[PDB]
Structure formats: structure tokens, C-alpha cells
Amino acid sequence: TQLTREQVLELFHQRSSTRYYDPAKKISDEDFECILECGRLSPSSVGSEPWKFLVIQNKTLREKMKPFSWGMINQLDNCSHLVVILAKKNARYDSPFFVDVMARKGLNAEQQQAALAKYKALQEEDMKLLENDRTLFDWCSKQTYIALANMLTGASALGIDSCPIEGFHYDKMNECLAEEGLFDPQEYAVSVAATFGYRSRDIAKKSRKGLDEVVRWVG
């Protein structure tokens, strides 16, 4: 339940992005389901959970992605698990996507009319997401980076290495995966990827800006 400050900082300091995986070490089914749960339990704006997790274990599909996946060229051949996270397309307040969102919350008829009003104000005016489809997509995509973070941190807490991945051609990745029937490309598009496994070598800790530079205190 509760950690000390030391335990929290040892966790976040020791987690590095791992590019060199031991191809002979596999994550147990039990450990990998725990990582997926960390993603599933993530918070999201208005409880939208606008994500899907493709676990790409197929070695033939891993090979096919390599030519346009320069960010994980080595990792695709050596990592235990690969997750491609999709974000919901056209998640408009007035879409059936939000019928499901409200159902899950158990809102009555009048509670739903109020919720639709709130969702519209958020999307149209407050955040101005309804400028174009890409701006609305990028909103769900941001939610999926919460899921990404939780999966990275959870894996690290279990003693499992990981790497978040943006280093691929998104258009060709979208075509590649949609052509495999892995999702409806009218409903979802690729957001971000992540590899999981066990380092093949020591991974040097990487630099950060100072807390003084990152934080502006407004007392």
C-alpha cells in the first residue's frame, strides 16, 4: 500500500529505457498480465479509457515492422513482449463511443443529458478539440500516454525492463496492422508502442534537467 520517499525515488531513478534485451529471457504470463492491468487501471479524461493494447508476440509480424521501425530495430528481435497502444478516433461527445462511457458510469437519462452538455463544453469550447479530426485524435492519444507511463512504471516495480517507442513510420505502422485485421482503422489509430523484457547488458542512467529548472514555485 504505502512506500517511503526513498522507495519511490529508488524506483523512478533506477527505471531506464532498455534498448538491449536478452532474447533468452521471457516475462511470465503472470508478470505480463500485471503490467497490462497497470495500463487498464489508468485514469483518463471523463473516464473515456480511449485505448486498446495489441500484444504483438508473432515473430513474423515483428519481422514485417522492422523496415519502418528504426526506433526498435534491435528490440523487435530480442524483447520478450511488444505492446502497440491504439487511441480512439472521432471520440466526439455525440458518438456511440460516449454512449458506452456513460453506461459504464451508471448515469440515468437526465444525468446523461447533463453529461453530454459537459462533454460538448469541454471538447468544443474549453479544450477546442473539434477544430479537426487530428486534434480530437491527439486528445485520446494523450490519455494513452498515461496508460504507457503506468505500464513502464509497473514493469520497473516488478524488476522487468521496458522501452517506450515512437521511432516508427505511423502511416506504414497503421497500414501494416489494419491489413492484419488487428483493428478497424475507421475507429482506432496507432498512438505509441512499448517493448518489455530483460536487459542483455548494463544500461547507463540518462540525464534530466534540474528540479530548480523544471519547477516554478508560485507561493
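One rule holds for the numbers: they count along the sequence shown, beginning at 1.
Original post:
Going by the B-factors listed in the PDB entry, is the mean over the C-alpha atoms higher for 172 to 180 or for 185 to 193?
Top reply: If you average the C-alpha B-factors of 172 to 180 and of 185 to 193, the larger mean comes out for 172 to 180.
**OP:** May I ask you to compare 161 to 169 and 55 to 63 by their mean CA B factor in the entry and name the higher one?
**Re:** The stretch with the larger average C-alpha B-factor is 55 to 63.
**OP:** Name the one of 135, 111, 143, 80 with the greatest CA B-factor according to the PDB entry.
**Re:** Reading the PDB entry, the winner on C-alpha B-factor is 111.
Original post:
By its CA B factor, does residue 28 count among the lowest, middle or highest third of the modelled residues in the chain?
Top reply: Highest third - that is where residue 28 ends up once the chain's C-alpha B-factors are sorted.
**OP:** Would you check the entry's CA temperature factor for residue 130 and let me know if it's in the chain's lowest, middle or highest third?
**Re:** Within its chain, residue 130 is a highest-third residue by C-alpha B-factor, going by the deposited values.
**OP:** Consider only the C-alpha atoms of the modelled residues in this chain, order them by B-factor as the entry records it, and name the third containing residue 206: lowest, middle or highest.
**Re:** It belongs to the middle third of the chain when residues are ordered by C-alpha B-factor.
**OP:** Quick one: classify residue 107 as lowest, middle or highest third of the chain based on its Cα B-factor.
**Re:** As the PDB entry reports it, the C-alpha B-factor of residue 107 lands in the highest third of its chain.
**OP:** Using the B-factors in the PDB entry, rank residue 86's C-alpha atom against the chain and give the third, lowest, middle or highest.
**Re:** For residue 86, the deposited C-alpha B-factor lands in the lowest third.
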